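S.K.: First the structure, then my questions, so here it is.
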Amino acid sequence: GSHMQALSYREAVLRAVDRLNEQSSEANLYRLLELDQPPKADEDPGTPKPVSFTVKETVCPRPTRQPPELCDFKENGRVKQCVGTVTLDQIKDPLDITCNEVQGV
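So the sequence shown is numbered by our numbering: it starts at 66 and just counts up by one.
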């Protein structure tokens, strides 16, 4: 009801965005600069949710022991639009997202 159970679409994107920072072997982390509102979002538990967002370079190296949102943000950092599909009513989420840069950066 109030706590427990994740079902807000952003919860799945927050986990995927944090996983992208951990799975990537880059020098600086990439916090989500902006999230998009794709089709089929928070209205289908059995089916995965096609997410889409733009990520920018932050001021923290890969090994930070925390998510990119916990750190600041580099305005002169490049941004990339990483998009993938993930379920909102289940765990075990593999890495199936593709990035195609962000128009306007």
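Heads up, the beta-carbon is just placed ideally off N, CA and C, and yes, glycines get one too.
What separation, rounded to the nearest whole angstrom, lies between the Cα atoms of residue 86 and residue 159?
M.R.: Computed Cα separation, rounded: 14 Å.
S.K.: Can you confirm whether the stretch 126-133 touches the stretch 149-163 when touching is taken to mean that 3 or more C-beta pairs between the two stretches lie within less than 8 Å?
M.R.: no
S.K.: Can you tell me which residues form a DSSP beta bridge with residue 122?
M.R.: The partner list for residue 122 (beta bridge, DSSP) reads 95.
S.K.: When the Cα of residue 105 is compared with those of 75, 163 and 157, which residue comes out closest?
M.R.: Checked all of 75, 163 and 157; the closest Cα to residue 105 is 75.
S.K.: If you count every other CB in all the chains shown that lies within 10 Å of the CB of residue 94, and 16 or more means buried, which is it?
M.R.: buried
S.K.: DSSP three-state call for residue 115: helix, strand or coil?
M.R.: strand
S.K.: Is residue 96 closer than 8 Å to residue 133 when the C-beta atoms are compared?
M.R.: Closer than 8 Å, so yes.
S.K.: Candidates 71, 109 and 120: which alpha carbon is nearest residue 163's?
M.R.: 120
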